[PDB]
There are 2 protein chains.
Amino acid sequence: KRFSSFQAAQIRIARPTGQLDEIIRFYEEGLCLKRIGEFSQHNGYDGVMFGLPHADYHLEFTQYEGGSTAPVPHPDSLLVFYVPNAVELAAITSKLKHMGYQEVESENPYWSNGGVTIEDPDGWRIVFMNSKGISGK
Amino acid sequence: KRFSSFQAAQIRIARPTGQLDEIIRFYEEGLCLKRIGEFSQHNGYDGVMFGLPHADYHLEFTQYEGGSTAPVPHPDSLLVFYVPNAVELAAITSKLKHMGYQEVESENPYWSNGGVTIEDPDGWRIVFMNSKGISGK
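Peer 1: So what's going on with the UniProt feature "domain: VOC" in chain A? Which residues, and what values?
Peer 2: If you check UniProt for "domain: VOC", the listed places come out as residues 7-131 of chain A in our numbering. Span residues 7-131 of chain A is 22% helix and 38% strand, its end C-alpha atoms 29 Å apart.

Peer 1: So, the pairing of strand β8 (residues 125-129) of chain B: which residues are in play, and what are the values?
Peer 2: Residue and element names in this part refer to chain B. Burial within β8 is extensive, with 5 of its 5 residues counted as buried. Burial along β8 is two-sided: the residues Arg125, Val127 and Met129 and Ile126 and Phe128 are all buried. Taken together, the 5 bridges between strand β5 (residues 78-82) and β8 define a ladder with parallel strand orientation. Bridge assignment links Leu79 to a residue of β8, and that residue is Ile126. As judged from the 5 bridges shared by strand β7 (residues 115-119) and β8, these two strands associate in the antiparallel manner. Opposite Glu119, over in β8, you have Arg125 as the bridge partner. Taking the residues that link successive antiparallel strands as the turn, the β7-β8 hairpin has 5 residues, and the phi of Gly123 there is positive, at about 85 degrees.

Peer 1: Let's hear about the sheet that holds β7 of chain B: which residues, and what values?
Peer 2: Here 8 strands make up an open sheet; going across it, the order is β2(A)-β3(A)-β4(A)-β1(A)-β5(B)-β8(B)-β7(B)-β6(B) and the pairing mixed. Looking along the sheet, the strands with just one partner apiece sit at the ends: β2 (35-42) of chain A together with β6 (103-104) of chain B. As judged from the 5 bridges shared by strand β1 (residues 10-16) of chain A and β5 of chain B, these two strands associate in the antiparallel manner. Each bridged residue has a counterpart across the sheet, and for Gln10 of chain A the counterpart in β5 of chain B is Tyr82 of chain B. The strands that helix α1 (residues 20-30) of chain A touches are β2, β3 (45-51) and β4 (57-64) of chain A; relative to β3 of chain A, the one it contacts most, it runs at about 5 degrees. Across the sheet, helix α2 (residues 86-98) of chain B lies against β6, β7 and β8 of chain B, angled at about 150 degrees from β8 of chain B, the strand it touches most.

Peer 1: Please set out the packing of aromatic side chains residue by residue, giving values where relevant.
Peer 2: Counting across every chain of the model gives 27 aromatic pairs over all chains. With a centroid separation of 5.3 Å and an interplanar angle of 70 degrees, the aromatic rings of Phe6 of chain A and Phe81 of chain B are classed as edge-to-face. Taken together, the positions of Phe6 of chain A in the segment before β1 and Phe81 of chain B in strand β5 put the pair across two chains. We classify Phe6 of chain A as buried; its relative accessible area is 2%. By relative accessible area, which is 0% here, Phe81 of chain B ends up buried. Between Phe81 of chain A and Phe128 of chain A the ring centres are 5.6 Å apart and the planes differ by 15 degrees, which places this aromatic pair in the stacked class. Taken together, the residues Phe81 of chain A in strand β5 (residues 78-82) and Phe128 of chain A in strand β8 (residues 125-129) connect sequence positions 47 residues apart. By relative accessible area, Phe128 of chain A is classed as buried at 0%. Cation over ring: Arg15 of chain A sits above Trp124 of chain A, and NZ or CZ is 4.0 Å from the ring centre.

Calculation notes
Note on numbering: residues are counted from 1 along each chain in the order of its written sequence, which can differ from the entry, and residues with no coordinates are hidden. Chains carry letters and ligands carry numbers; both start at the beginning, A for chains and 1 for ligands, and go up in the order they are written. Heavy atoms throughout the structure, all of them, feed into the side-chain values; hydrogens and water do not. UniProt positions are given in the numbering used here, feature names are shortened, and annotations may be inferred rather than shown by experiment. In DSSP terms, a helix is any run of H or I states spanning at least four residues, a strand is any run of E spanning at least two, and both are numbered starting from the N terminus. The cut-offs for exposure are 20% and 50% of the maximum accessible area for each residue type, with area from a 1.4 Å probe on protein chains only; residues under the lower value are buried, those over the upper are exposed, and the others partly exposed. For two strands to be treated as a pair, DSSP must find at least two bridges joining them. Note on definitions: a residue-residue contact is assigned when non-hydrogen atoms from the two residues lie within 4.5 Å. Here the axes come from fitting lines to C-alpha atoms, over the contacting stretch only for helices, and the angles between their N-to-C directions go from 0 to 180 degrees. Any two rings among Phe, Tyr and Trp, with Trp reduced to its six-membered ring, count as a pair given centres within 6.5 Å; such a pair is stacked if its planes are under 30 degrees apart, edge-to-face if over 60, and tilted if neither. Sitting over a ring, as applied to charges here, requires NZ of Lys or CZ of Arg to be within 6 Å of the ring centre and within 35 degrees of the ring normal.

Okay, structure coming up:
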């Protein structure tokens, strides 16, 4: 995690929600991401942090006491997990659908080729692609 | 990157945009993130991938030929960079403001304590927090 312009100790993707319990069920019970942090009533906010898989890179979800909304869902706004082992991919996506989460048709037919898209409680597109990603070279 | 439910080879945060050139100026020229991939005219889409800082965790921005919009900006939707070295933090945020990007007042006064929020071309809140993040323990 040494960037060109600076040294980053950690990186966090923070998103708002109006249903933090639903979010927890999907991410903790569904994906089985480890809860690496949480806070109750801080400046009117409640939140939880999930490892991705650890603290270096993690997710944070927050809900405001006076009502909060999640980002407006965009079908092209994704969180992609490159899972080269097709058996594990099938297992996780199957568990999520059996828990009640919808598999949707990706906007780009590309992610449809060897990929499965499941919407999280707030419509964020969680993609599981059967590959190793990009080489970057 | 060994998750409980599966082995992830890579992780990608993909977001849509209607101004991919502006996005490139901010991320490549501004943040100086390395371009680890790109594609022209694939299923009507154009896109670019930026390391965070490498391929294991990276960002992808896509624009559709037939017009595309970026996610609806939410003031609580963040990308947080934990930069413990206050001098580097000051340097990067200063470069971005001098390039023309706006520093905004975070929703949560929390990120206001030792943190600087700059909006990217499409309103995503890029936060630079002067800390090491969460321990996770």
